[PDB]
Structure formats: structure tokens, C-alpha cells
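Notes follow once the structure below has been shown.
Numbering of residues begins at 1 and proceeds along the displayed sequence.
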Amino acid sequence: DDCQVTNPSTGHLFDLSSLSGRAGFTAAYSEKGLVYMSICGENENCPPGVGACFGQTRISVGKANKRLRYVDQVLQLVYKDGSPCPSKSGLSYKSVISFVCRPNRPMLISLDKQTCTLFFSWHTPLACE
């Protein structure tokens, strides 16, 4: 799709395209590590097609896409089909990136080792109606 989504109640159109680009961003990981991440497309520091990856290793924590969704005033991307999960049988990492209205850096708030899901939050004016 197009890195946009509408609030189906108000018809307000959200667009995260200004955050897009292969240069992307970083989020702090653990004591001194990081995750490279681009919005609505692959990150240049990551393998081809990969929207987010660990800084130390460039191992993928999810394939980029631009499928933006709206859920209870939050905008969300989900990058799935990352690298094999070091914990799980046949699971792959995924990254859930949640944008919340801020009246501008992604944060890694939780890593679910059981499902190899990384949860990110990004407080940004772009998620405000």
C-alpha cells in the first residue's frame, strides 16, 4: 500500500511518508546496542528488503512493507518474516512499530523472546488528528 491510513470514524488521513527513506533511524537496544529501522521501506544498513535489523550483526528483525494500519488512535506497521527466532521452533522475528500522537525517535520498548517480537513506539505529531 502507501504508508497512509484513514481514521474510519473521522476520515482523517494519516501519512508517515515524511519518515520514509532508506537512511532511516536507530533505536537503542540493550546496554549499548541498536536496531536500524526505516519507515515504509527497507533500511540501507540492513539486508535487501529488510526494514529493521540489529546493528551489531545486521540480522533482520523484519521485512519492510508500507501497510499502515489505524487501531484506537495508534498507527502501526508490522514488519514480519525476519530472521529465524533463536528461541522458537519455526518462528521468524517481527517488528511492531506503533506511532502515538505527540502534541521524534523510535524506541524499542519490549522484545518478546517467546515470539521474537520487537515492540517499538514512536511518539510523533504525525499521529495526531
Rounded to the nearest 0.5 Å, how far does CH2 of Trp122 lie from OG of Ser98? 12.5 Å
Value rounded to 0.5 Å, distance of OG1 in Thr124 from CG in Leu75: 8.5 Å
May I ask you to check whether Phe54 and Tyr93 place their ring centers less than 6.0 Å from one another? yes
Return the NZ to CD distance between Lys66 and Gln4, rounded to the nearest 0.5 Å. 9.5 Å
Shared hydrophobic cluster, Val96 / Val50 (ILVMFWY, side-chain heavy atoms < 4.5 Å): no
Please, which pairs that meet side-chain hydrogen bond (donor to acceptor under 3.5 Å, both in side chains) have at least one residue in residues 47-60, sequence neighbours excluded? none
Tell me which donor-acceptor pairs under 3.5 Å the side chains of residues 23-34 have, and how far apart each pair is, sequence neighbours excluded?
| unit_1 | atom_1 | unit_2 | atom_2 | d |
| --- | --- | --- | --- | --- |
| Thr26 | OG1 | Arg105 | NH1 | 3.1 |

Please list all pairs passing the disulfide bond (SG atoms under 2.5 Å apart) test where one or both residues lie in residues 52-84, with sequence neighbours left out. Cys46-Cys53
Main chain of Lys113, side chain of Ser87: is a donor-acceptor contact present, judged purely on distance under 3.5 Å? yes
Tell me every residue that passes side-chain contact (heavy atoms from CB on, under 4.5 Å) with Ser17, counting only those two or more places apart in sequence or in another chain. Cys3, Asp15
Least distance between heavy atoms, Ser38 atom then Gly21 atom: OG-O, 2.8 Å
Within residues 72-87 or reaching into it, pairs that qualify as salt bridge (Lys or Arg N to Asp or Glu O under 4.0 Å) - sequence neighbours excluded: none
Partners meeting side-chain contact (heavy atoms from CB on, under 4.5 Å) with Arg69 (sequence neighbours left out): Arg67
The side-chain hydrogen bond (donor to acceptor under 3.5 Å, both in side chains) partners of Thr117 (sequence neighbours excluded) come to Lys94, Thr115
I'd like to know whether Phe119 forms a side chain to side chain contact (heavy atoms under 4.5 Å, CB included) with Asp112, so could you lay out the CA-CA distance, the side-chain angles of the two residues, the decisive distance to 0.1 Å, and finally the verdict. CA-CA 8 Å; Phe119 290 95; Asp112 187 43; 4.2 Å; yes
Starting at OH of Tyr36, measure out to CZ of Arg22 and round the result to the nearest 0.5 Å. 13.5 Å
Set of residues satisfying ring pair (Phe, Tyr, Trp, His ring centres under 6.0 Å) with respect to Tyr70, sequence neighbours excluded: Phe14
Let me confirm one number: the OG-CD1 distance from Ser121 to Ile97, rounded to the nearest 0.5 Å. 11.0 Å
Name all residues meeting the side-chain contact (heavy atoms from CB on, under 4.5 Å) criterion together with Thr10; count only those two or more places apart in sequence or in a different chain, and write none if there are none. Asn7, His12, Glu129
Side chains of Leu16 and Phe99: closer than 4.5 Å at any heavy-atom pair? yes
Inter-residue atom distance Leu77.CG - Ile39.CD1, 0.5 Å rounding: 6.0 Å
Which pair of non-hydrogen atoms, one from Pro103 and one from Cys128, has the smallest distance, and what is that distance? N-SG, 3.8 Å
Measuring only between side-chain heavy atoms, which start at C-beta, is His123 closer than 4.5 Å to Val100? yes
